[PDB]
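We place every Cβ from the backbone using ideal geometry, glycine too, and count neighbours over all the protein chains shown. Every number in this text was worked out from the coordinates using simple rules, so none of it is lab data.
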Amino acid sequence: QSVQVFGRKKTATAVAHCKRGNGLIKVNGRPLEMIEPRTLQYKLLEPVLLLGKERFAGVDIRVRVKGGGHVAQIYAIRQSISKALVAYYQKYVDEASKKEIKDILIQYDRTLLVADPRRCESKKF
Amino acid sequence: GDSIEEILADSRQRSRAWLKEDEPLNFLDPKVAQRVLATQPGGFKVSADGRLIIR
Amino acid sequence: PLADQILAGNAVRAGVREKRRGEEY
Amino acid sequence: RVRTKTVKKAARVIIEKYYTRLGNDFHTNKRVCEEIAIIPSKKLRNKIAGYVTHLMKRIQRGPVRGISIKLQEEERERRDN
RNA sequence: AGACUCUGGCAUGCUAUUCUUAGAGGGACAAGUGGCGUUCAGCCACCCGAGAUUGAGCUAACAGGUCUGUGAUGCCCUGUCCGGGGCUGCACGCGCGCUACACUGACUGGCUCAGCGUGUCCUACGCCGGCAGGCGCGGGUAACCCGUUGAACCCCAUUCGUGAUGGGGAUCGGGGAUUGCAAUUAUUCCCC
């Protein structure tokens, strides 16, 4: 058994699978630390270092992306990971852990649960 | 069909889907189908006594 | 009154002006 | 005979705003039409009363939750005013 | 085959009133029942009910025009194809738009991510030439094939280094190829 979530952006859409495991992080068949724009690598390290790497050793996560640019894909990946962990610890783990994770993750940043509702406005005659 | 608002009505495209974002969404949850929508979400005069005038 | 006129001339008008500028699914 | 569109609109607005005070058969519905609308036309009054009776007969065979929330909203609007 | 307007059948109710009157008020609203029905619009049959419809008034045109029959109708006068040419040719004034005037940059190599459309002209693939481009064979009248639409900016490493300079590319000379009756007044592209 496992949990599938989705992360959204302007045009970048990602899906995320979280299941039992030894703590493997995979994005597009690759680990999280070699996404091509290296400069936002701490963004890819924002969720896990917010929680602690020892806790993630029971969950294996795999994220696939399609659409958007580089940084939009990065934001979709990190938001999808955050919502994957909170959904996994809500459905499978007791409510107190989900509540404290949600509280710390909502006092850190707003976009890590609901993405920024921004899109390009169309041109009309 | 038998609802109140359906009777009182002023009387490709089908492949569109609508997600709703609350609790996080799990695709493998058996009750996720409640959170998806197949369609788009969302004159008379008054007298002194308060009675309407119909003509 | 006289003092009201003097103080209105001594102050600057302010207050109301509505400037009209500028998810779930 | 067919129903005029303004009869349909009047029946809609009457059954939308004052569903609680209307009754089952034709006579009390005509009475509600009497002291809810001045309605100078007798034939228009009769057609409106008959169509409101038919509308509530069709509505009362439906689900109860819509009637319940409609009555709750009507009570809230009456208490607010 | 009037889903226009108005109205009548029964009043032992009111007024000067059960028999004659003439004003007003009730009464019919498809109202109810059973079937045919997209299960809602309508249709058929029947009960109660005086009345589930009987009477009074209501076809007409061509701001598109045509075919060319019309009033010695009124006002004003008494072109064709062919060949080439330029269609802004440039001292200047007045504005739309592109390029950069470098170092946050340029070169090279690697790296990796979208969206709006379209096609018998979009092209997948194999052969030749460094490239401009040819040859051959397929897919597609279309979310199927081009196309998991593999793009640019950005990212990593090298070289360059304050220099009218490896920036910027104008204006030129030559060659080649492509598009077409025809390219000169450089159609267009690649290279030097």
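Can you tell me which condition A:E95 does not meet? The list is (1) exposed (fewer than 13 other Cβ atoms within 10 Å of the Cβ); (2) on the phi > 0 side of the Ramachandran plot, and all the others hold.
Condition (2) is where A:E95 drops out.
Has segment D:28-43 got any residue that is out of contact with any strand residue (DSSP E or B) (no Cβ under 6 Å at 6 or more places or on another chain) and more than 17 Å from B:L52 (Cα to Cα)?
Taking every residue of segment D:28-43 in turn, at least one turns out to be out of contact with any strand residue (DSSP E or B) (no Cβ under 6 Å at 6 or more places or on another chain) and more than 17 Å from B:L52 (Cα to Cα).
Can you name every one of the helices (runs of 4 or more DSSP H) wholly within segment D:5-81 that holds 2 or more residues which are more than 11 Å from RNA strand E (Cβ to nearest atom) and over 15 Å from the mean Cα position of the chain (by Cα)?
Values: elements: D:5-17, D:26-34, D:42-59, D:64-80.
Once the helices (runs of 4 or more DSSP H) in segment D:5-81 are filtered for at least 2 residues that are more than 11 Å from RNA strand E (Cβ to nearest atom) and over 15 Å from the mean Cα position of the chain (by Cα), what remains is D:64-80.
Scan (1) in contact with a helix residue (DSSP H, G or I) (Cβ under 9 Å, 6 or more places away or on another chain); (2) within 9 Å of chain B (Cβ to nearest Cβ); (3) β-branched (V, I, T) for the single condition D:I38 breaks and write down its number.
The single condition D:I38 does not satisfy is (1).
Could you check, for segment A:63-76, whether at least one of its residues is surrounded by 14 or more Cβ atoms within 10 Å (Cβ to Cβ) and at positive phi?
Of segment A:63-76, the ones surrounded by 14 or more Cβ atoms within 10 Å (Cβ to Cβ) are A:63-65, A:67-68, A:71-76.
Remaining after also requiring at positive phi: A:67-68.
Among the residues of segment A:63-76, at least one is surrounded by 14 or more Cβ atoms within 10 Å (Cβ to Cβ) and at positive phi, which makes the answer yes.
Give segment B:1-42 a look and list any residue that's exposed (fewer than 10 other Cβ atoms within 10 Å of the Cβ), within 16 Å of RNA strand E (Cβ to nearest atom) and farther than 24 Å from D:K70 by Cβ, or say none. Please lay out each step first, then the result.
Initially, segment B:1-42 is screened for residues exposed (fewer than 10 other Cβ atoms within 10 Å of the Cβ), giving B:1, B:5, B:9-15, B:17, B:22, B:30-31, B:33-34, B:38-42.
So of that shortlist, the ones also within 16 Å of RNA strand E (Cβ to nearest atom) come out as B:1, B:5, B:9-15, B:17, B:38.
If the condition is that a residue be exposed (fewer than 10 other Cβ atoms within 10 Å of the Cβ), within 16 Å of RNA strand E (Cβ to nearest atom) and farther than 24 Å from D:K70 by Cβ, then B:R12, B:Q13, B:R14, B:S15, B:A17, B:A38 are the ones that fit.
Go through segment B:34-55 and report how many residues are part of a strand (DSSP E or B), within 7 Å of another protein chain (Cβ to nearest Cβ) and either within 14 Å of D:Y18 (Cβ to Cβ) or within 12 Å of the chain's Cα centre (by Cα) (or both). Talk me through it step by step, then tell me what you get.
Taking segment B:34-55 first, the residues part of a strand (DSSP E or B) are B:37, B:45-46, B:52-53.
Keeping just the survivors that are within 7 Å of another protein chain (Cβ to nearest Cβ) gives B:52-53.
Going one step further and asking which of them are either within 14 Å of D:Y18 (Cβ to Cβ) or within 12 Å of the chain's Cα centre (by Cα) (or both), we end up with B:52.
Residues meeting the conditions: 1.
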